[PDB]
Enquirer: 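Attaching a single structure in structure tokens format; questions to follow.
To find a chain, count down the sequence lines: A is the first, B the second, and so on, and within it residues start at 1.
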Amino acid sequence: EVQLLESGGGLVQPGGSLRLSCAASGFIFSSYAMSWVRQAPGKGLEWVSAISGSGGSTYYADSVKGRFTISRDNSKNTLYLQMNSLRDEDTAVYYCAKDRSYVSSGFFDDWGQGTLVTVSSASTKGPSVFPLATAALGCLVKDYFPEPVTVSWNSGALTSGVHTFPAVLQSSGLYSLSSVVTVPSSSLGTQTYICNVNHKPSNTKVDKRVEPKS
Amino acid sequence: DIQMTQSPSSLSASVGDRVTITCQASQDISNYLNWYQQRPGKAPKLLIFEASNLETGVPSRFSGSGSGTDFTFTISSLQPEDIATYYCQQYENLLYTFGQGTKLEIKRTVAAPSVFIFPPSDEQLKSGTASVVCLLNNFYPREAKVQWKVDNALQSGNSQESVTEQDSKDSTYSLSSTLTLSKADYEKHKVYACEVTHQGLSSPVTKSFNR
Amino acid sequence: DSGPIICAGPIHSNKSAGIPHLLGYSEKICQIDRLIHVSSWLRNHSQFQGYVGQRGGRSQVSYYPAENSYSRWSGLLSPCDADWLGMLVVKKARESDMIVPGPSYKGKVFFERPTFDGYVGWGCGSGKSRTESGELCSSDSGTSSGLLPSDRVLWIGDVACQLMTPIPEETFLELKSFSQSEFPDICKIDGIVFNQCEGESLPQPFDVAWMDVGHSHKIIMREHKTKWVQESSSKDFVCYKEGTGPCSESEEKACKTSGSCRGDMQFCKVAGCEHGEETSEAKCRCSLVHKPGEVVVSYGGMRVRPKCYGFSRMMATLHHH
Ligand SMILES: *[C@@H]1O[C@H](CO)[C@@H](O[C@@H]2O[C@H](CO)[C@@H](O[C@@H]3O[C@H](CO)[C@@H](O)[C@H](O)[C@@H]3O)[C@H](O)[C@H]2NC(C)=O)[C@H](O)[C@H]1NC(C)=O
Ligand SMILES: *[C@@H]1O[C@H](CO)[C@@H](O[C@@H]2O[C@H](CO)[C@@H](O)[C@H](O)[C@H]2NC(C)=O)[C@H](O)[C@H]1NC(C)=O
């Protein structure tokens, strides 16, 4: 019932600005304080900012004070984070969280799915999606930037046995991952297998087919 | 202002064992401490609040205690779905601070990896780069090394490995080792071998192809 | 702003948590610092879930008039505080009880007013707060958490309550008649006969100095003298553990009767202390409560130690001319 949906993350160069949004549903938004908590890649949790139910009290961590602003629209039931003067230490997944009180209290009872903000001067590039031949198969998502990419199999109809590897950073400065799946080897002909590779930061959407060959 | 420290930073235990995590604050926070569990790929989840209270729906094997500066989070009997990193958090002060986290590994029986090898696609070969992918599927422990071989010559410094997070039911790992060559270097040689040695195999495995 | 007596403002984790009936004096004081008593009052008389005073505590309560002398002394007791200590009762309001003009009632969940014959509180239920006039509770989209800030509590008047020295009936009747002589124009205060008129005006706001001497009704005054006297009774001291919080009933009794605990300058003079022993550990320490002392009031050739004293707004009907 309670759900939080973040949006607005993406590539931004140093000194740039971004506005994050967090759409709330399933509860009386105006009765509860909200918080933003971030997590740099491979690191821990860092509380960023909080706001009372009405918006009359705001709070910020010293790492972001004066550069970030937190606000809310209680008719639209969405929470905002305006981030200016962005730096590399701001690169992180940003979560919104529902608190337990009108007053900011620190109980992070419900979390959004997170949205990624990457701070770099480098440029976007869509990925290349090559195939990979009980037997296993998969797709090779090569040479993209920035993160993330989401790989589906047969429009989500295939879930068992799927392993989508963490991306690796290449010497070229671009990312490359693989997604694989094991199928019971009587799948040649008897089944069709398609990997759905999405790279929203470049709008690249690809549906590759994987098949035996000769 | 208030700094939080967690120990251990990392921890390995097997299913059914008892797990204890400690968290300390630089000042008194009475019992104003929360504990969060962050499973691989998911947002953090509040397990205990006010240092001892179970959140709704949280299994009774989770518990916590402490007041003042020293606190404890306990899993009485480990289960495979507990694979996560655990964070403590003070809320005595409005400027909330987290501990650095404790990563919990699940020990289990040794499992040999299922090993596969994939040649470069033809569609990729026309861009002038060849990527050869070797896959290790559902093995434990994580420790395992892949040794590429081209005409029985040990490839060095031209591969990269990626490992998945521990599975929430299997407790296994999966590994990928991508060998990247040039198309000119790729079509100079015939035999491309992926040799896996791992504790769950009496003898090393080799999965190779002829192009 | 003031500060707490022993316990810092609460951070409640559950609006459905029960309020424990505590026996220790410092235990009760701790509940008073955290507005546990107003929340208990709200749950009882108004069917309200949760607490008021989240993170703010008693020190962040709002007052009418806003600039409040006795607010600055954390140890002086409001009518609500004395009610929790069982010294008096703040009754639930009835339709007849006149809501006074002047306070900013909007968004308030509880407000309290000393009346001529007692002390009266007005509450609101879950999800609602008071309208601009205070007459009604209306839906408040910011209150549904049940964990509300302190300024939702309004205490009307500049009031101090304390342990009274009981006075005989002859003293009260003489004090009664002197007040009638000082206010010949008044007929009724808060709907209660003050003089006999037949010729009254409509109810009218009335800012008056008064005192509770534990009889039928209060005693209002124009010219009076107030003096604060120090008494160094055990009720003037609160006992806490460092880390644990307020001491239990038995630990507090031991400290105040056996000179076995630690304390500040004043406590060791009164009940006695002991140093040179404290290892790492943590035992109970007792410190003086921040107040001017007990108020003693001269009025009409007499001098009393009253239960309560202060300057607050009541409603009065005057003589028609
Ligand atoms: C709101 O209602 C509750 C429920 O009645 C009130 O709590 C009650 O307060 C009375 C008076 O302090 C307590 O009485 C005492 O009971 C003990 C029994 O353990 C007895 O030893 C004493 O002699 C005394 O009679 C009573 O225990 C307590 N009840 C509960 C359940 O806590 C509360 O005072 C009301 N709040 C307000 C602001 O009116
Ligand atoms: C908040 O307090 C209420 C009141 O005690 C808790 O409700 C009880 O929860 C237990 C545990 O599931 C049940 O066995 C009781 O039947 C519940 N009683 C009532 C009256 O609801 C509630 O669980 C507490 N919330 C949290 C998060 O601890």
Enquirer: Not counting sequence neighbours, which residues clear side-chain hydrogen bond (donor to acceptor under 3.5 Å, both in side chains) with C/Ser59? List them please.
Expert: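 C/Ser59 satisfies side-chain hydrogen bond (donor to acceptor under 3.5 Å, both in side chains) with no residue once adjacent residues are dropped.
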Enquirer: State whether the side chain of A/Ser104 and the backbone N or O of A/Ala33 hold a donor-acceptor pair below 3.5 Å, judged by distance alone.
Expert: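 Here the side-chain-to-backbone pair does not exist.
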Enquirer: Is the backbone N or O of C/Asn68 less than 3.5 Å from a side-chain atom of C/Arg72, with the two atoms forming a donor-acceptor pair by type?
Expert: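 Flag set: sc C/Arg72 to bb C/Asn68 pair under 3.5 Å.
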Enquirer: Quick check: C/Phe111 with C/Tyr105 (ring centres under 6.0 Å apart)?
Expert: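 Ring centres of C/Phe111 and C/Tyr105 closer than 6.0 Å.
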Enquirer: So B/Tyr32 and B/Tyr91, ring-ring contact (aromatic ring centres under 6.0 Å, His included) or not? Walk me through it.
Expert: CA-CA 5 Å; B/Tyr32 301 137; B/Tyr91 58 95; 5.4 Å; yes
Enquirer: Would a line drawn from the ring center of C/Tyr309 to the ring center of C/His224 be shorter than 6.0 Å?
Expert: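 Yes, close enough.
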Enquirer: My understanding is that only residues two or more places apart in sequence, or in another chain, count here; which of them pass side-chain hydrogen bond (donor to acceptor under 3.5 Å, both in side chains) with A/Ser105?
Expert: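 side-chain hydrogen bond (donor to acceptor under 3.5 Å, both in side chains) list for A/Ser105, sorted by chain: C/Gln54.
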Enquirer: According to disulfide bond (SG atoms under 2.5 Å apart), does anything in residues 194-226 of chain C pair up with another residue at least two apart or in another chain? List the pairs.
Expert: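 Every pair satisfying disulfide bond (SG atoms under 2.5 Å apart) with a residue in residues 194-226 of chain C: C/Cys187-C/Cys197.
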Enquirer: State which residues pass side-chain hydrogen bond (donor to acceptor under 3.5 Å, both in side chains) with C/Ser126; sequence neighbours excluded, sorted by chain then number.
Expert: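 Counting only residues at least two positions away or on another chain, C/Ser126 forms no side-chain hydrogen bond (donor to acceptor under 3.5 Å, both in side chains).
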Enquirer: Once disulfide bond (SG atoms under 2.5 Å apart) is applied, do any residues pair with C/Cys30, and if so which ones, sequence neighbours excluded?
Expert: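 Per chain and number, C/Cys30 pairs via disulfide bond (SG atoms under 2.5 Å apart) with C/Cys7.
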Enquirer: Just jot down the side-chain hydrogen bond (donor to acceptor under 3.5 Å, both in side chains) partners of A/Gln82, sequence neighbours excluded, or say none.
Expert: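 A/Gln82 satisfies side-chain hydrogen bond (donor to acceptor under 3.5 Å, both in side chains) with A/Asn84 only.
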Enquirer: Does a side chain donor of either C/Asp190 or C/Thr115 reach within less than 3.5 Å of an acceptor in the other side chain?
Expert: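 Not at all, the side chains of C/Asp190 and C/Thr115 share no donor-acceptor pair under 3.5 Å.
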